[PDB]
Ligand SMILES: Cc1cc2nc3c(=O)[nH]c(=O)nc-3n(C[C@H](O)[C@H](O)[C@H](O)COP(=O)(O)O)c2cc1C
């Protein structure tokens, strides 16, 4: 099955991407070489709701799983709705090791209802 995902290392400065799936690269139109080491906020742009970005920032702080829908942009500037699922990954001793972020492309939640959040 097709899997859009990236893995970040929160033990390195500003939670850089250390792995991006082929499907993620195809969705976003970026090369692997040009996004390794980036914070995944590079997918955001003007239309991205900063209230939703705050919800992600809080979930990362608390190391809790969250799903949000927000506007992201391809390399060529095409807007897409991203239903984004964040999962903390802990080592055998319960210490945070990675985050994995899974992206589903689509306006799953209609914008008019999303706006009631
Ligand atoms: C593993 C992982 C994957 C992420 N994937 C996305 C994404 O696909 N789209 C997006 O807008 N933000 C994504 N983010 C969120 C941003 O990297 C960042 O955490 C968010 O914008 C909140 O922090 P900031 O206020 O410092 O930007 C992801 C974060 C992590 C840790």
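Every residue number used here counts from 1 along the chain in the order it is shown.
Per the header of the entry, the method used was X-ray crystallography, 1.4 Å.
Including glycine, each Cβ sits where the backbone N, Cα and C put it.
Site annotation for FMN 2 in Swiss-Prot covers 39, 41, 44, 57, 72, 82, 84, and the matching candidate from 97, 103 is 103. Across the fold, the C-alpha of residue 40 (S-4a-FMN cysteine) and the C-alpha of residue 84 (FMN 2 binding site) stand 11 Å from each other. Ranked by how many other Cβ atoms sit within 10 Å of their Cβ, the binding-site residues 41, 44, 82, 84, 103 place 41 at the bottom. Within the group of recorded positions (39, 40, 57), the Cβ with the highest number of other Cβ atoms inside 10 Å belongs to 40.
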